[PDB]
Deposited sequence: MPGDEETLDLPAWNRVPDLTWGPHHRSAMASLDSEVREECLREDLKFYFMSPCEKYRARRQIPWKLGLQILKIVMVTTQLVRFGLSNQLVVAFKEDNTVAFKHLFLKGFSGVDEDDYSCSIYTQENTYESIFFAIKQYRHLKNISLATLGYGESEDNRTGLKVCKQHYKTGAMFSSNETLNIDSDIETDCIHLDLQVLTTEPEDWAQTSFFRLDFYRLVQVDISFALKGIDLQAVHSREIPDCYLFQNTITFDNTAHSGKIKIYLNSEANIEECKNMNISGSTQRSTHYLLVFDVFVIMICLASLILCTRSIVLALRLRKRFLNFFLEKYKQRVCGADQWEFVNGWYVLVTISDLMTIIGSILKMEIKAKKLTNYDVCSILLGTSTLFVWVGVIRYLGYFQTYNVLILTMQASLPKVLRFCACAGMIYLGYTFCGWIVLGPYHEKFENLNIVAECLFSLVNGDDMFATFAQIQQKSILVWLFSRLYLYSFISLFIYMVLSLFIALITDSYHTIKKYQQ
């Protein structure tokens, strides 16, 4: 089981490199088109990829300029853009502007008016003078602009075989829900194909099935006689199910974890040399005390995250995941001075100061030193075991 397992290492590594490079190319085309949509249909989109909202409006005239800008850029799409884009399909072409507003109270009704491309390319501003583009900013909820663009890929034609098509369904929104003098703008784009070797994969399937059967022979041998082979069977299952989902993302996660446990199994096969045996036994003998200490430090960590979220929430810290990520950065060095910079509030400032000093001092000293003291004890006991 030397060549059959090294062949697993090499074949699953090649499968993951080819598959990851394929999805790299495809998602590069996806985000290239959505950035090249944000530069066309959003007014004043600077190129600084700002946030999940691409920009935000603070006045009641840039709203009209952005709406009329999106409609005029959609009308002159053929001149303006420089991809291979063209109008698609409500089973019709042209825009569809839905706006939402309160009933003069409680109900959010919507008024959605469709705009065909013959209405736009007649070219008097007749749609621009209708009452539908009169907006009551006292009671506007949102304005959504939606349309459908098809785009041929030609990087596939570049140095490879011909056929590929796409279809984009864009939705430009004007999110005014926190009625607080700020409209955010989104561009939610989709993409899905239409018209206009499995040998390596089944090969990896056969390799992982044979390794699974032979490792279960080893498992039942160890059962009748009486866990790295558990991880080898796990890697078998993850590669086979990842190959099923690759055949008919989740499959990316399956192949990624499978190759991670593949290289951990290589770290097992380094253990024939006895120095790697010393290191592996150090990790195996020290792991549960580390898990218990990580659990206790995690409970103290939760106490600090709830305290920092319900105090320094307004002064930084919005979600608990953001607070947990920032405090895990603060323990590990980075983002340290930025937290002291974002805090000005006199008593709350003093609380923030001794909070951060107590947190950093306590966790770094009495947690990193304790994790060193666990591993040093385990390593010297294993040195005494080999003496």
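Unmodelled regions (deposited sequence positions with no C-alpha coordinates, counted from 1) are 1-64, 154-155, 171-182, 275-289, 320-344, 367-375, 444-445, 474-475.
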